[PDB]
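One letter stands for each residue in the lines below.
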Amino acid sequence: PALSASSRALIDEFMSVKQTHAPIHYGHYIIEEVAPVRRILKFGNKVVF
Amino acid sequence: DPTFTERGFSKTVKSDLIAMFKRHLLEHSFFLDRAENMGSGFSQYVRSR
Amino acid sequence: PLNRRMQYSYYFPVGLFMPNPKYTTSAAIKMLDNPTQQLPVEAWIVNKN
Amino acid sequence: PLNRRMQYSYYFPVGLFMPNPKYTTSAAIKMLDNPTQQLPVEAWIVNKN
């Protein structure tokens, strides 16, 4: 499963804290990035692993 | 690094190397400002670069 | 020849829909519309850049 | 002549506007205004000093 979301809101939630974020909002949702290559994701200075 | 190159100088290899330039302009230039703010790996970082 | 190329197949959905008991797991994001009648129209995925 | 002069061009917008599904990210900041209709009219940036 690739990293997808619904709007930019859950993306910039998941970029804020990668541990305690929402995978499922009210109708919205965001599927986390699990892969053989665990990619670096940069959004400004917020950058997760 | 000939990993990227010597495969055939197409549109595609250079159109990926441009994003490689964009990614390496942030994490590997002005290394001394990193190393004066990095952790205990001071000397090995400068030796790596 | 040790610089092989693996070809992984990623996938992601778009435009799904939650079942009617809708919940949330983050006390930060509150969308500014009626959240019950909400469904995504799109998907925002991240690139290699 | 090692005192070279890199001229990194910066850029920043002013006057941009969110799309109509509006939302929040951090819920510990409030404004005394009707939150739905508001516009970023000025931009604050940070100088060298």
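Residues numbered from 1 in each chain as written, not as in the entry; some residues may be left out. Chains lettered and ligands numbered in written order. Part of a larger assembly, values for the part shown. Heavy atoms only, no water.

Method of structure determination, per the deposited record: cryo-EM was used for this entry, reaching 4.2 Å resolution.

Looking at the PDB entry, one finds chain C named Major capsid protein and attributed to Epstein-Barr virus. The PDB lists this entry under the title "Epstein-Barr virus, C5 portal vertex".

The PDB entry lists chain B under the name Major capsid protein, with Epstein-Barr virus given as the organism.

So, on to the environment of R23 of chain B. For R23 of chain B, the location among the structural elements is in helix α1 (residues 11-27). By relative accessible area, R23 of chain B is classed as partly exposed at 34%. Separated by 14 residues in the primary sequence, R23 of chain B and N37 of chain B have C-alpha atoms spaced 20 Å apart. Those residues in contact with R23 of chain B, other than ones at most four positions away along the chain, are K42 of chain A together with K48 of chain C. (Helix = DSSP H or I, 4+ residues; strand = E, 2+ residues; numbered from the N terminus. Buried < 20%, exposed > 50% of the residue type's maximum accessible area, 1.4 Å probe, protein only. Contact = heavy atoms within 4.5 Å.)

Taken together, the 26 residues of chain C in the interface contact 28 residues of chain A. Here chain C and chain A share an interface that buries about 2500 Å² over both sides, 66% of which is from carbon and sulfur atoms. For chain C, the biggest contributors to the area lost against chain A are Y10, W44 and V46 of chain C; these three give 25% of the whole. Along the contact surface separating chain C from chain A lie zero salt bridges. Between the two partners, chain C and chain A, sit five residue pairs in polar contact. Its residues placed into classes, the side of chain C that touches chain A shows 18 nonpolar, six polar and two charged. (Buried area = accessible area lost by both parts, 1.4 Å probe. Salt bridge = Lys/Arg side-chain N within 4 Å of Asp/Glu carboxyl O. Polar contact = N/O pair within 3.5 Å; in protein donor to acceptor, adjacent residues only side chain to side chain. Nonpolar A, V, L, I, M, F, W, Y, C, P; charged D, E, K, R; others polar.)

What follows covers the packing of aromatic side chains. Evaluated as defined, the whole model comprises one aromatic pair over all chains. Aromatic side chains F30 of chain B and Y8 of chain D sit 6.3 Å apart centroid to centroid with 75° between the ring planes, which places their arrangement in the edge-to-face category. Among the residues examined, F30 of chain B registers a relative accessible area of 52% and is labelled exposed. (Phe/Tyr/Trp six-rings, centres within 6.5 Å; stacked < 30°, edge-to-face > 60°.)

Counted according to the given criterion, the structure contains one salt bridge over all chains. Among the salt bridges present, the one from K48 of chain C reaches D16 of chain B, with a minimum N-O distance of 3.7 Å.

With that settled, the discussion passes to α1 of chain B. Two residues of an α-helix separated by three or four positions point the same way, owing to the 3.6 residues in each turn. Residues and elements named next belong to chain B. Compared with an ideal rise of 1.5 Å per residue, which puts 17 residues at 24 Å, α1 spans 25 Å between its outermost C-alpha atoms and is within 8% of the ideal. Listed in full, the buried residues belonging to α1 are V13, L17, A19 and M20. Seen from one end, α1 has its buried residues packed into an arc of 160°, which puts them on one side. Among the exposed residues of α1, those oriented more than 90 degrees off its buried face are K11, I18 and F21. (Expected span 1.5 Å × (residues − 1). Arc of directions from axis to C-beta.)

For the rest of this paragraph, the subject is the nonpolar core. Judged by nonpolar contacts, the single largest core of 14 residues is most densely connected at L3, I30 and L41 of chain A. Top contributing element to this core by residue count: helix α1 (residues 8-14) of chain A, with four residues. Setting aside chain neighbours within four positions, we find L41 of chain A in contact with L3, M15, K46, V47 and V48 of chain A together with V46 of chain C. (Core = buried A, V, L, I, M, F, W, Y, C linked by side-chain atoms within 4.5 Å.)

Before going further, it helps to spend a moment on the environment of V14 of chain C. Of the residues examined, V14 of chain C reaches a relative accessible area of 47% and is grouped as partly exposed. Spatially, the C-alpha atom of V14 of chain C lies 9.1 Å from that of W44 of chain C, the residues being 30 residues apart in sequence. Those residues in contact with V14 of chain C, other than ones at most four positions away along the chain, are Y29 of chain A together with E42 and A43 of chain C.

Our next topic: unusual backbone geometry. Residue and element names in this part refer to chain B. Residues other than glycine seldom take positive phi values, yet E6 does so here, at roughly 45°. Residue position: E6 is located in the segment before α1. By relative accessible area, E6 is classed as exposed at 60%. Even without being a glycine, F30 presents a positive backbone phi close to 50°. In this fold, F30 is placed in the loop between α1 and α2 (31-35).

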